[PDB]
Amino acid sequence: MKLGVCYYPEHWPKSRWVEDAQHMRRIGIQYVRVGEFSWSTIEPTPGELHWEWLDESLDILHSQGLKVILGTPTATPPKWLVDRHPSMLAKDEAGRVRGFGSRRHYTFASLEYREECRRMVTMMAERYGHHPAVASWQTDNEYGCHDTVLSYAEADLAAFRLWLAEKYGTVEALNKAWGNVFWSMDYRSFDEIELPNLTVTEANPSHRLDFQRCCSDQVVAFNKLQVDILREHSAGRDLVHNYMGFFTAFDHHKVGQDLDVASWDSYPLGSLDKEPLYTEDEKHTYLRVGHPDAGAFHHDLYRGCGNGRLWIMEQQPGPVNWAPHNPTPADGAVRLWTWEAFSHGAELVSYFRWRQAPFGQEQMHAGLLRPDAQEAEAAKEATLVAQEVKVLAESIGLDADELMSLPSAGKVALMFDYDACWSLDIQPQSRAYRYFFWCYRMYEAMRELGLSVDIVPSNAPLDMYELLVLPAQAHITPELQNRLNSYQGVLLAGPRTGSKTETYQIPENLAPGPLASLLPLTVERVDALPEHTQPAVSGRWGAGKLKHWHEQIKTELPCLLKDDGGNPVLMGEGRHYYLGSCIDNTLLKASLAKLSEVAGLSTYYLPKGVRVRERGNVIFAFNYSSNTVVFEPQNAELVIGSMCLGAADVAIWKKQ
Amino acid sequence: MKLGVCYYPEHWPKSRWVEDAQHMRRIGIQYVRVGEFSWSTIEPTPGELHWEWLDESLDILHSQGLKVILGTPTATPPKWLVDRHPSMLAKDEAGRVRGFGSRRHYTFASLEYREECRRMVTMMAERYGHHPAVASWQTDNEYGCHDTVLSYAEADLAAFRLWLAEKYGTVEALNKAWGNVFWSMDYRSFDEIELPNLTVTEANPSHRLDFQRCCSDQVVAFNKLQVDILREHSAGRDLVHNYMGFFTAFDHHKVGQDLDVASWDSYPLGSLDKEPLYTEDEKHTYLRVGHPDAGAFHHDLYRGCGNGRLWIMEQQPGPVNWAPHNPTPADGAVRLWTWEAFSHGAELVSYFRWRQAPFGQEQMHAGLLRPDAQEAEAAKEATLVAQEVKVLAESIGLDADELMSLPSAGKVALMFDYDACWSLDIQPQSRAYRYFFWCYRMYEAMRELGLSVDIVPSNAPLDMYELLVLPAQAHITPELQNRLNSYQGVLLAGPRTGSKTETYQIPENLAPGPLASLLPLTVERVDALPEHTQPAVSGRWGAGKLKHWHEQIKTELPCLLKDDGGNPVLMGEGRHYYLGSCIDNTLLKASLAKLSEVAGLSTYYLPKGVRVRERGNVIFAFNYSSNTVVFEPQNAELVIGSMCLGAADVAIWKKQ
Amino acid sequence: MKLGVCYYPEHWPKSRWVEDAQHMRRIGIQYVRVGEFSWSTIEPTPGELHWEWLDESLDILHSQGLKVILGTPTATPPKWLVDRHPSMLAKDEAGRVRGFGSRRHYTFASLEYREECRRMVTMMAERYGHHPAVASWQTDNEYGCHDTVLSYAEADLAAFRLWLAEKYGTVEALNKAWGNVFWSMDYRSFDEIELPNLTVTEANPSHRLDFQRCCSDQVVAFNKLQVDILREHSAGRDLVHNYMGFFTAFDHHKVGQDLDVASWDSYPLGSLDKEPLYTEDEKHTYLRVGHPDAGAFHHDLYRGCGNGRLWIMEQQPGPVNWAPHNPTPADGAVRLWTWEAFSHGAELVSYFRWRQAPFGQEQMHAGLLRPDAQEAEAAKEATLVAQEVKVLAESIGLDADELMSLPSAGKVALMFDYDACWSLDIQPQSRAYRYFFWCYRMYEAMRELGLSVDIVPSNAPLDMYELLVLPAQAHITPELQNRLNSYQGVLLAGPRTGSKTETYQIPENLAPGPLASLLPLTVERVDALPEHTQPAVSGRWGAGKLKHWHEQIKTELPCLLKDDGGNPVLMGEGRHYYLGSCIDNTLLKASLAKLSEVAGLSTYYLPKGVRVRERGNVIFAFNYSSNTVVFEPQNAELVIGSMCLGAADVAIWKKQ
Ligand SMILES: [Cl-]
Ligand SMILES: [Cl-]
Ligand SMILES: [Cl-]
Ligand SMILES: [Cl-]
Ligand SMILES: [Cl-]
Ligand SMILES: [Cl-]
């Protein structure tokens with residue numbers, strides 16, 4: 001439970017630097033990120049290097065006891081470098097070059113830019129890898145931001161053809177896997193295969209899925225080259241990357257295998273206003289705090305990506321610049337979001353930025369300070385959180401390190417698979433269906449029942465979970481099916497689970513494919529629905545509606561929910577259940593409450609806008625609504641806040 | 001009244017083939033289409049040909065008594081061929097190449113691809129043109145699908161400049177016809193003229209119209225080269241093409257002149273969900289059956305294009321893949337659509353496909369069988385229809401061939417002109433006005449009055465029709481005006497009739513141009529309206545509103561409808577009437593009922609969702625609504641179904 | 001499971017009588033009611049008696065094997081009798097005489113009319129009490145109809161003053177019990193006490209409650225005088241009265257103590273249209289069948305009043321005359337209502353009337369026949385039910401008598417108390433609160449969960465019930481509290497339970513009064529709410545809203561539901577629970593499902609408009625909706641109807 005800030009000493013005169021560091025310390029900041037956009041300062045023209053600024057900045061930060069997270073500057077290479085390597089530039093889906101003048105102007109497939117990255121990261125790692133200020137390295141900055149994973153340039157095609165040869169061996173094997181007999185798509189060789197953009201009409205879903213996988217693998221490779229250098233020259237330092245909200249274009253679990261920590265960038269007001277996930281009512285109700293699960297969903301996903309280790313590298317401190325509308329946060333919201341992250345096991349919450357810049361694209365993005373260096377609202381809220389974590393630590397008899405080590409895992413797991421996300425986005429089949437939205441709405445229902453949750457990859461060990469939910473595990477690997485067969489907890493498999501092979505085909509036995517041995521049923525066909533037609537649901541466990549996706553199923557399993565035609569909606573017995581339609585929020589909660597009971601877990605329908613999470617003996621309660629509500633856990637005493645939770649407020653209790 | 005199926009033996013192991021054909025026979029299928037996407041199977045690399053698969057498949061189908069429709073494979077040429085002929089690829093309106101990886105990757109203007117088509121079609125026609133299994137040939141597959149008529153590549157421009165020289169002779173004549181004095185557009189030569197895309201702002205409507213005409217003519221020429229080969233080498237076989245719903249980019253009457261049969265591809269649930277024609281209420285009400293006139297409109301249009309001969313080459317059997325939302329059809333809907341087609345004179349209704357494919361873009365498109373070869377819903381419904389046509393034939397004392405020969409023509413004609421469609425789409429003048437929508441809504445009103453209808457081209461002989469409606473015959477040829485002058489039935493000319501010359505100019509006498517001698521009036525100007533302003537209408541024949549298009553007219557003709565300012569809306573006497581505003585559904589029915597009475601035809605305001613059509617002494621009744629309704633024709637007896645028409649149900653009566 | 005009809009031989013020429021009886025037999029009618037409106041036929045002028053018509057009618061009915069229910073004619077005494085006894089006439093609440101010219105023109109307090117009733121009932125009972133046709137007697141006809149229990153004439157006041165002396169002994173005791181120190185209401189003697197109508201403003205609730213009790217007791221006494229005569233002179237005959245839907249002005253349990261059978265008069269379409277209980281949506285949705293619980297609620301209440309024995313004396317057969325709107329029933333609705341009554345244990349369902357009368361107030365009230373003696377819709381539906389009960393009896397190996405003896409009791413009891421109803425109607429305290437409505441809505445929730453229910457009086461033995469619900473048991477007698485203390489099932493006490501003493505005062509310990517020893521809580525005060533303010537509810541068992549009544553409670557009991565202020569809504573543990581607010585339908589079902597689970601009973605959220613009830617091994621299913629829905633009970637086989645329940649349809653299954 002530590003605080004941090006993102007800082008740009010290169011944006012401010014050196015006469016500010018000592019004061020900045022002292023002020024950071026006064027607030028309770030312990031970690032500071034620098035360097036990720038500094039390449040033009042380091043090397044304004046090739047071979048003429050400027051390290052003095054950074055040498056001095058790191059010493060000043062160290063002298064105040066601040067631990068530094070050093071960013072490699074590869075997100076924003078200089079124009080002289082771009083001009084030397086025209087093949088490094090990405091092309092968008094429309095076939096146009098994505099040029100210099102903003103950030104992230106490269107394709108991950110560019111071998112020329114990778115060699116330039118090897119040079120610069122080696123230079124930096126050799127100079128600073130053993131500097132006593134440097135505790136951690138951030139590779140690059142927000143891989144994929146602005147939809148930069150998929151690129152449609154010559155370099156991307158060259159990498160794709162090599163990647164396909166490695167996967168399939170022969171083009172004959174690829175043609176069989178893709179079903180290229182269809183529409184006479186058959187290739188004579190790998191070098192006949194083109195990019196999947198700018199086709200007359202829909203490209204083969206197998207083609208598009210393998211393309212996504214390849215592009216994701218280029219992110220893995222790009223990151224891995226930096227990691228290898230940093231392991232060699234900066235032993236003992238935590239290697240981290242900063243991931244984003246509402247972003248699925250590369251496999252974050254796979255990138256995470258090469259790193260020590262998963263960090264992410266949380267801007268609850270920007271995501272609420274911008275994202276089509278949210279309803280009009282939600283955008284209005286939660287304008288100044290964000291949706292109650294916007295941070296939570298990602299804290300749990302990225303704790304999984306980090307193999308237990310989660311940071312927030314960038315936390316919203318005030319209004320941002322980049323959403324269509326940019327409201328000021330509610331008073332107390334920065335405190336709210338900070339404690340929120342700590343309740344999900346975040347080691348560190350780092351704000352961004354330290355001081356609002358008066359120039360450039362983000363001149364309207366707030367910081368802890370205003371552009372004139374006077375304190376803004378987040379400075380006082382951060383100060384309060386730092387005081388409150390000391391109060392908490394003392395109340396439960398722990399030091400800072402023991403506090404951070406409190407357990408964070410939930411006993412309910414939601415399985416999120418990037419490969420499934422890509423498959424389902426490629427052919428949603430109803431335009432109202434989105435894998436991410438469905439996962440998020442299943443998660444919201446869990447959270448409205450007061451459950452503490454882990455979000456896990458498909459290769460995760462399952463033995464520590466009493467309830468396991470697979471919202472839409474489109475392809476089930478033979479190894480996952482083995483883990484499911486031996487799993488001793490309660491399983492809910494959601495619609496479209498086991499509906500696709502590895503190469504984007506329908507399984508020979510139809511959906512749910514490998515799962516059918518565990519859960520004997522057959523999806524005969526799919527009724528894929530618009531928003532305006534929502535069939536009625538009834539049965540043993542509740543009544544309500546279904547929307548978007550409506551599987552027509554034959555089974556002998558007992559039915560817990562059915563439609564008016566008597567067709568199975570939710571079916572199962574003992575410890576195994578299958579859901580074939582996207583049931584509404586009411587029915588999601590009804591079903592999860594029943595399943596939780598089978599699994600030996602308690603549930604509680606929390607008040608609207610209220611959320612709870614546990615870390616060992618500590619209970620964290622949050623109120624995202626605009627009015628005071630009472631939350632009183634049983635057999636516990638108040639440590640921070642009150643039983644009457646204010647609007648945008650936090651209370652912390654300890655079990656007796 | 002025969003059944004068919006679209007089949008892909010190349011998608012299934014040869015061990016399935018005998019069983020497939022036997023199963024088809026058991027259902028009552030008599031015709032089978034194969035081959036239109038098989039070029040990569042036939043010729044995977046140039047000069048290495050594989051006919052054995054098709055040789056064997058045709059023999060197996062023949063041995064079960066199935067008649068084969070053989071498709072030329074030119075819709076989907078292989079990648080090796082594309083790579084050899086880069087000039088064959090189309091460009092979209094934005095100037096980007098439309099690449100390989102889907103289907104229909106060629107421009108019709110490509111002379112290089114036409115020679116490759118000449119080669120392959122000659123090869124196929126020589127091998128199979130006298131095979132006893134082959135009853136018919138389909139040229140290509142869905143000309144124009146995915147907006148592939150208009151293309152903006154070098155080959156298209158080259159063809160356009162030649163086409164313009166042929167039409168005009170001199171560039172001086174073209175400049176006069178287009179009015180190129182306007183905005184200094186004058187060309188010194190044909191080779192100065194560019195494509196009409198990527199201009200600063202709106203291109204000359206004359207330029208855009210001649211471009212559409214030229215592109216349409218390239219479809220005619222592309223098809224004609226295949227027809228000439230097939231006439232030579234496959235005498236006696238029916239030559240057919242498969243047209244689409246809601247598609248107007250080429251002249252289907254003109255392509256039809258070179259063929260024996262017009263077939264089309266009916267997907268009522270896809271078109272309902274996808275097409276902006278339909279209201280929100282219609283999309284909801286008819287979700288699982290399609291709009292009551294969606295098939296009907298096209299059955300009548302394409303019966304005209306086929307000079308009496310209509311097939312449905314592709315009939316929806318279950319949920320499809322390609323619309324934004326893809327619901328399952330109502331139980332009985334496949335039967336409904338099949339009888340519907342038969343009521344409009346369809347010789348053959350062919351489903352698609354036989355077995356749902358587990359791979360490729362359309363893996364979620366249903367068939368008569370599921371991907372595991374078990375029967376899906378359409379198999380049972382098709383079986384029932386086959387039994388019901390035998391019952392019908394026996395009840396009226398006819399054999400199968402006599403049944404098919406029952407008369408199909410209506411005594412009401414609606415004139416549809418592709419050239420008018422292009423003109424009116426080029427400058428709709430109110431964005432709420434669409435030629436196709438207006439034609440469809442005039443047709444809907446006729447159908448709600450129980451009328452059996454022909455849709456006819458502008459060169460059709462008129463003597464067999466008692467009532468003739470020209471919804472918006474923008475240009476009237478001198479030859480059409482002569483036919484109108486001598487026509488002895490009742491004429492209704494709709495708004496914008498006779499408003500344009502051949503070369504996109506206003507006639508010298510103003511609208512309605514050549515029609516003014518028959519119907520003396522002057523359109524002084526047009527009030528072109530948004531949806532929110534719908535002026536009131538009253539008069540001799542009814543009251544209601546007008547929308548979208550509101551002509552200000554001077555006439556001495558008697559007025560049957562007028563606006564509140566007393567301006568003529570519907571005017572005429574004896575057997576000739578002009579309508580100057582787009583009157584609402586109520587007023588359309590009021591007016592058509594009056595006009596029908598003058599023409600000696602009866603009308604009946606059918607219940608909501610109910611439709612009727614006659615073939616000689618047979619009455620076909622349909623219920624597209626969700627509830628039971630009573631339909632009882634006078635002086636007739638029930639043959640199939642009931643007087644209480646169920647939801648998505650059919651009844652068939654014979655006159656006494 | 002027998003059929004009956006209400007018949008008026010005195011309305012038809014004697015030439016019809018033999019035919020009427022034969023026709024009744026053909027339909028399957030076994031019981032016939034006659035005589036209850038015949039006093040002017042029997043005695044048109046005093047002392048001149050005409051029995052010949054009835055002597056002959058009973059013989060004709062007997063000769064066809066029809067069993068007769070003979071009605072005493074005291075509901076409609078003749079004008080000559082009224083003119084002789086002006087003190088017999090009631091006065092309404094406004095002080096006006098309620099005159100001759102309709103029916104029910106007497107006050108139950110009139111001693112003069114009671115002596116006239118003694119005379120006539122003795123005359124009838126002596127003549128017909130041993131007639132072999134007479135199986136049963138109905139006393140009077142619909143006691144209380146047209147709000148005739150409360151009357152405000154001199155006779156009512158005289159009876160009230162005597163009744164008060166009997167209850168209290170001294171006026172001093174009455175003044176103490178009523179709290180007449182308040183507003184100087186103290187009486188010096190019983191003869192100072194007036195009727196509670198026409199006061200300046202609100203009368204003492206103690207005064208109004210004792211007045212209701214007294215008036216109810218006059219109904220008991222009026223009925224008891226007839227019962228005593230009929231016991232003496234017609235031994236072995238079933239004595240019955242015909243009660244009504246939605247009528248609470250006398251104690252039906254107390255009247256029932258003196259009778260053998262409780263019968264009632266069910267007009268589902270009239271009650272739906274007329275009663276303010278029902279919402280606008282319900283009135284529209286169920287127009288032609290009635291609300292799904294309209295009959296059910298009363299079948300269960302009156303089975304309790306009949307100590308197990310329930311008849312329907314009058315069943316709607318077609319449109320009635322008396323509601324503001326009078327629709328025709330849905331086709332099959334009469335069958336629906338008949339089977340409905342049988343599923344609740346009705347021995348007999350009797351229609352009304354046999355033939356629609358062409359004269360008088362009810363000339364538009366349908367019968368089994370039209371006024372011209374041709375069959376109407378109910379004749380065919382009744383015939384079908386008679387055939388179906390024979391099919392049922394044979395399928396389960398029972399004779400008619402064994403069929404009738406099938407068990408009927410539910411394992412869930414809802415306690416209905418007329419005294420509580422009067423108390424709560426006297427001061428509802430929120431105008432949106434009504435005891436009857438609350439009981440009905442608790443019952444609806446039980447029924448939507450598929451539960452079979454008993455409705456019981458407060459003195460009922462409780463040992464046969466696993467779940468017991470007291471919706472609002474305002475006063476708890478010491479004897480009821482003893483029964484609750486020893487009850488071994490699950491108890492839910494609803495809001496306002498134990499809130500009043502016997503004499504309309506707040507208990508000394510506050511609400512819930514005697515229940516507080518069992519359920520320790522204190523109602524500190526009441527928030528009595530309009531419809532527009534419905535506080536949010538959350539907690540262990542669900543989320544939703546409360547309306548109308550919102551008790552502010554202090555308790556140490558665990559809370560299963562709470563409001564946003566953390567105030568208890570539903571509280572308890574083990575087998576005892578208290579509900580303090582009128583929670584919505586969703587929360588009622590959530591709570592009843594939990595309570596049912598504690599009690600060892602299963603629940604099922606049935607489809608909308610569907611209801612189920614059991615009698616031993618027989619399962620009765622009903623569909624009150626307008627569309628087909630699937631109901632399939634487990635471990636059972638179909639006997640009558642189908643798994644696909646049609647609109648207004650019935651299916652009957654037997655357990656395997
Ligand atoms: Cl900064
Ligand atoms: Cl991307
Ligand atoms: Cl096929
Ligand atoms: Cl096009
Ligand atoms: Cl009668
Ligand atoms: Cl009353």
# chains A, B, ... in the order shown; residues from 1 in each chain; ligands from 1
$ residues_near_ligand --ligand "ligand 1" --cutoff "7 Å" --atoms "only C-alpha atoms and all ligand atoms" --output "PyMOL selection string"
chain A and resi 6-9+11+353-357
$ residues_near_ligand --ligand "ligand 5" --cutoff "12 Å" --atoms "only C-alpha atoms and all ligand atoms" --output "ChimeraX atom specification"
/C:5-13,16-17,20-21,24,32-35,37,351-359,362-363,365-373
$ residues_around --residues "residue 266 of chain B" --least-positions-apart "5" --cutoff "8 Å" --atoms "only C-alpha atoms" --output "tab-separated table (two decimals) with N, CA, C and O atoms, in the first residue's frame"
chain	number	residue	atom	x	y	z
B	244	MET	N	-30.33	-10.81	-56.48
B	244	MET	CA	-30.41	-10.58	-55.04
B	244	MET	C	-31.58	-9.69	-54.65
B	244	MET	O	-32.14	-8.98	-55.49
B	245	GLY	N	-31.94	-9.74	-53.37
B	245	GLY	CA	-32.89	-8.80	-52.79
B	245	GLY	C	-32.21	-7.45	-52.59
B	245	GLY	O	-31.06	-7.39	-52.18
B	295	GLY	N	-40.18	-10.96	-50.09
B	295	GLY	CA	-40.06	-11.96	-51.16
B	295	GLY	C	-40.90	-11.59	-52.36
B	295	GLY	O	-40.41	-11.54	-53.48
B	312	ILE	N	-36.21	-19.54	-57.40
B	312	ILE	CA	-35.47	-19.07	-56.24
B	312	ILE	C	-34.27	-20.01	-56.15
B	312	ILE	O	-34.43	-21.18	-55.82
B	314	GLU	N	-31.59	-19.59	-54.13
B	314	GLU	CA	-31.15	-19.70	-52.73
B	314	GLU	C	-32.27	-19.23	-51.79
B	314	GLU	O	-32.62	-18.05	-51.77
B	315	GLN	N	-32.82	-20.17	-51.01
B	315	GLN	CA	-33.86	-19.86	-50.03
B	315	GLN	C	-33.33	-20.06	-48.62
B	315	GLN	O	-32.78	-21.13	-48.31
B	316	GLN	N	-33.52	-19.06	-47.76
B	316	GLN	CA	-33.13	-19.15	-46.36
B	316	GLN	C	-33.78	-20.37	-45.70
B	316	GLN	O	-34.99	-20.52	-45.81
$ closest_atom_pairs --of "chain A" --to "chain B" --cutoff "7 Å" --atoms "only C-alpha atoms" --output "tab-separated table"
residue	atom	partner	partner_atom	distance
A:178	CA	B:360	CA	6.9
A:179	CA	B:359	CA	5.4
A:181	CA	B:40	CA	7.0
A:182	CA	B:360	CA	6.3
A:183	CA	B:37	CA	5.1
A:184	CA	B:40	CA	4.7
A:185	CA	B:101	CA	6.4
A:186	CA	B:40	CA	6.1
A:187	CA	B:79	CA	6.7
A:192	CA	B:79	CA	6.9
A:196	CA	B:101	CA	6.9
A:198	CA	B:98	CA	5.7
A:199	CA	B:99	CA	4.3
A:200	CA	B:98	CA	4.8
A:201	CA	B:102	CA	5.7
A:202	CA	B:102	CA	5.8
A:203	CA	B:102	CA	5.1
A:204	CA	B:361	CA	5.3
A:205	CA	B:361	CA	6.1
A:429	CA	B:321	CA	6.3
A:430	CA	B:325	CA	4.6
A:431	CA	B:324	CA	5.1
A:504	CA	B:359	CA	7.0
A:505	CA	B:359	CA	4.8
A:506	CA	B:358	CA	4.8
A:508	CA	B:372	CA	6.5
A:509	CA	B:372	CA	6.7
A:527	CA	B:327	CA	4.6
A:528	CA	B:326	CA	4.8
A:529	CA	B:325	CA	5.5
A:530	CA	B:325	CA	5.6
A:532	CA	B:284	CA	6.8
$ write_last_selection --atoms "C-alpha atoms" --output "PDB file, in the first residue's frame"
ATOM      1  CA  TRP A 178      -8.449 -22.496 -42.536  1.00  0.00           C
ATOM      2  CA  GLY A 179     -10.936 -24.382 -44.787  1.00  0.00           C
ATOM      3  CA  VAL A 181     -11.595 -24.763 -50.243  1.00  0.00           C
ATOM      4  CA  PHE A 182     -14.369 -22.282 -49.349  1.00  0.00           C
ATOM      5  CA  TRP A 183     -14.645 -19.498 -51.966  1.00  0.00           C
ATOM      6  CA  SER A 184     -11.518 -20.900 -53.724  1.00  0.00           C
ATOM      7  CA  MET A 185      -9.205 -19.294 -51.137  1.00  0.00           C
ATOM      8  CA  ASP A 186      -6.515 -22.061 -51.452  1.00  0.00           C
ATOM      9  CA  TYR A 187      -2.894 -20.824 -51.438  1.00  0.00           C
ATOM     10  CA  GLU A 192       0.638 -15.956 -51.820  1.00  0.00           C
ATOM     11  CA  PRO A 196      -6.686  -9.562 -44.181  1.00  0.00           C
ATOM     12  CA  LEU A 198      -8.866  -4.237 -47.948  1.00  0.00           C
ATOM     13  CA  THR A 199     -10.562  -7.440 -49.144  1.00  0.00           C
ATOM     14  CA  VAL A 200     -13.762  -7.182 -51.242  1.00  0.00           C
ATOM     15  CA  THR A 201     -15.824  -8.416 -48.286  1.00  0.00           C
ATOM     16  CA  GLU A 202     -15.360 -10.521 -45.092  1.00  0.00           C
ATOM     17  CA  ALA A 203     -11.974 -12.312 -44.866  1.00  0.00           C
ATOM     18  CA  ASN A 204     -11.741 -15.894 -43.561  1.00  0.00           C
ATOM     19  CA  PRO A 205     -12.145 -15.818 -39.760  1.00  0.00           C
ATOM     20  CA  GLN A 429     -22.828 -13.179 -34.951  1.00  0.00           C
ATOM     21  CA  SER A 430     -25.178 -10.832 -33.114  1.00  0.00           C
ATOM     22  CA  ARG A 431     -23.826  -7.268 -33.321  1.00  0.00           C
ATOM     23  CA  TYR A 504     -11.756 -21.379 -36.161  1.00  0.00           C
ATOM     24  CA  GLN A 505     -13.983 -24.345 -37.061  1.00  0.00           C
ATOM     25  CA  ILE A 506     -17.080 -25.846 -35.435  1.00  0.00           C
ATOM     26  CA  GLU A 508     -17.051 -32.314 -34.937  1.00  0.00           C
ATOM     27  CA  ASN A 509     -19.565 -33.065 -32.124  1.00  0.00           C
ATOM     28  CA  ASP A 527     -30.859 -17.517 -32.263  1.00  0.00           C
ATOM     29  CA  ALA A 528     -28.710 -14.351 -32.485  1.00  0.00           C
ATOM     30  CA  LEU A 529     -30.814 -11.395 -31.387  1.00  0.00           C
ATOM     31  CA  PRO A 530     -31.141  -7.608 -31.643  1.00  0.00           C
ATOM     32  CA  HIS A 532     -35.415  -5.135 -29.209  1.00  0.00           C
TER      33      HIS A 532
END
$ residues_around --residues "residue 436 of chain C" --least-positions-apart "4" --cutoff "12 Å" --atoms "only C-alpha atoms" --output "PyMOL selection string"
chain C and resi 245-249+275-278+297-298+301+415-425+428+432+440-443+471-473
$ select_by_dssp --residues "segment 160-299 of chain A" --states "helix (DSSP H, G or I)" --output "number ranges by chain"
A: 160-168, 171-178, 182-184, 190-192, 205-233, 252-256, 268-274, 280-285, 294-299
$ select_by_dssp --residues "segment 308-418 of chain A" --states "strand (DSSP E)" --output "ChimeraX atom specification"
/A:310-315,348-352,412-415
$ atom_distance --atom1 "atom CA of residue 568 of chain A" --atom2 "atom CA of residue 282 of chain B"
28.6 Å
$ residues_around --residues "residue 30 of chain C" --least-positions-apart "4" --cutoff "8 Å" --atoms "only C-alpha atoms" --output "ChimeraX atom specification"
/C:2-4,24-25,65-67
$ write_last_selection --atoms "N, CA and C atoms" --output "compact mmCIF listing (two decimals), in the first residue's frame"
# COMPACT_ATOMS: atom_id res chain seq x y z
N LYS C 2 -68.17 -32.44 -9.62
CA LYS C 2 -69.51 -32.51 -10.20
C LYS C 2 -69.96 -31.15 -10.71
N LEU C 3 -70.90 -31.15 -11.65
CA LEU C 3 -71.42 -29.93 -12.26
C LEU C 3 -72.84 -29.63 -11.81
N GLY C 4 -73.17 -28.33 -11.78
CA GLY C 4 -74.47 -27.85 -11.36
C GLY C 4 -74.95 -26.67 -12.19
N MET C 24 -80.27 -30.51 -19.21
CA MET C 24 -79.29 -30.46 -18.11
C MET C 24 -78.54 -31.79 -17.95
N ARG C 25 -79.29 -32.88 -17.94
CA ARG C 25 -78.72 -34.22 -17.81
C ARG C 25 -77.75 -34.51 -18.97
N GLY C 65 -83.00 -37.57 -12.34
CA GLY C 65 -81.85 -37.86 -11.48
C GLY C 65 -81.08 -36.66 -10.96
N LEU C 66 -81.67 -35.46 -11.06
CA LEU C 66 -81.02 -34.23 -10.60
C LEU C 66 -81.28 -34.00 -9.12
N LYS C 67 -80.21 -33.70 -8.39
CA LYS C 67 -80.27 -33.39 -6.97
C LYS C 67 -80.47 -31.89 -6.80
$ closest_residue --among "B:128, B:620, B:163, B:211" --to "ligand 4" --atoms "only C-alpha atoms and all ligand atoms"
B:211
$ residues_around --residues "segment 333-349 of chain B" --least-positions-apart "3" --cutoff "7 Å" --atoms "only C-alpha atoms" --output "number ranges by chain"
B: 1-4, 289, 299-300, 310-313, 315, 317, 329-330, 378, 381-382, 385, 404, 408, 613-615, 620, 648-650
$ atom_distance --atom1 "atom CA of residue 461 of chain A" --atom2 "atom CA of residue 487 of chain A"
9.4 Å
$ atom_distance --atom1 "atom CA of residue 457 of chain B" --atom2 "atom CA of residue 150 of chain B"
22.3 Å
$ residues_around --residues "residue 129 of chain A" --least-positions-apart "3" --cutoff "10 Å" --atoms "only C-alpha atoms" --output "list in words"
residues 70, 122, 123, 124, 125, 126, 132, 133, 134, 135, 136, 137, 229, 230, 231, 232, 233, 234, 235, 236 and 237 of chain A
